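Worksheet: one structure, shown below.
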Amino acid sequence: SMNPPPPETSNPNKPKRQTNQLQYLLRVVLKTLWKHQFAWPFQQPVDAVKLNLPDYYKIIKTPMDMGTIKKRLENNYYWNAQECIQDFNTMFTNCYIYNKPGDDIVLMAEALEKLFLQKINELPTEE
Ligand SMILES: CCOc1cc(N2CCC(O)CC2)ccc1Nc1ncc2c(n1)N(C)c1ccccc1C(=O)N2C
């Protein structure tokens with residue numbers, strides 16, 4: 001159940017550069033998901049020690065959570081919006097491939113993913 005080090009959230013040697021899409025991902029997508037009543041399991045990395053999940057990080061090879069994504073967006077870690085979208089997708093995929101369907105945590109992920117996909121439908125165009 002040992003936990004990996006937390007993912008990196010800052011890149012000390014990349015330029016500070018926004019795009020309209022990255023602004024949208026932070027100020028619309030992340031903001032909306034973060035305040036949802038079902039966000040709390042996803043606001044920090046899975047703690048396999050405290051949740052007693054010895055197999056979690058043997059099955060989940062790319063851990064991801066919204067706290068990491070939030071910090072990455074705030075620190076301008078991503079070079080483009082697609083890297084951020086992939087992190088969201090990884091977070092949901094991890095939940096769905098580890099947990100049993102109908103588990104409460106899967107229902108929570110499904111509700112958050114619906115909101116995520118609706119907001120991504122309105123992602124502004126590259127510019
Ligand atoms: C920072 C606080 O974190 C928690 C507190 C409590 N508590 C608070 C108080 C109550 O009275 C007692 C339970 C329960 C869970 C979490 N966290 C948490 N993080 C990640 C996961 C998750 N739960 N669930 C539920 C999972 C369960 C099994 C296998 C995988 C997962 C999973 O995929 N995710 C995303």
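Note on residue 79 and residue 121: the model spin-label points, each 7 Å out from Cα along the C-beta direction, lie 3.2 nm apart.
With contacts taken as Cα pairs under 8 Å and at least 6 residues apart, the range 45-93 reaches a relative contact order of 39 percent. Here r is the Cβ-Cβ distance between residue 17 and residue 61 and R0 is 25 Å; the resulting FRET efficiency, rounded to 0.05, is 0.25. Based on Cα contacts under 8 Å between residues 6+ apart, the chain shows a relative contact order of 37 percent.
Between residue 93 and residue 114, the distance separating the two model label sites (each 7 Å from Cα on the Cα→Cβ line) works out to 2.4 nm. Number of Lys-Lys pairs in the chain with C-alpha atoms under 20 Å apart and a separation of 8 or more places or on different chains: 21. In the calculated pair-distance distribution of the chain, the portion above 25 angstrom amounts to 25 percent of the Cα-Cα pairs.
Rounded to the nearest 20 debye, the dipole magnitude of the chain is 340 debye, with +1 charges on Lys and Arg beta carbons, -1 on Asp and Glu beta carbons, and the Cα centre as origin.
A quick note on method: Cβ atoms are made from the backbone with ideal geometry, for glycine too, and the neighbour counts reach across all protein chains shown. Computed from the coordinates by the stated procedures, all read-outs in this text should not be read as laboratory data.
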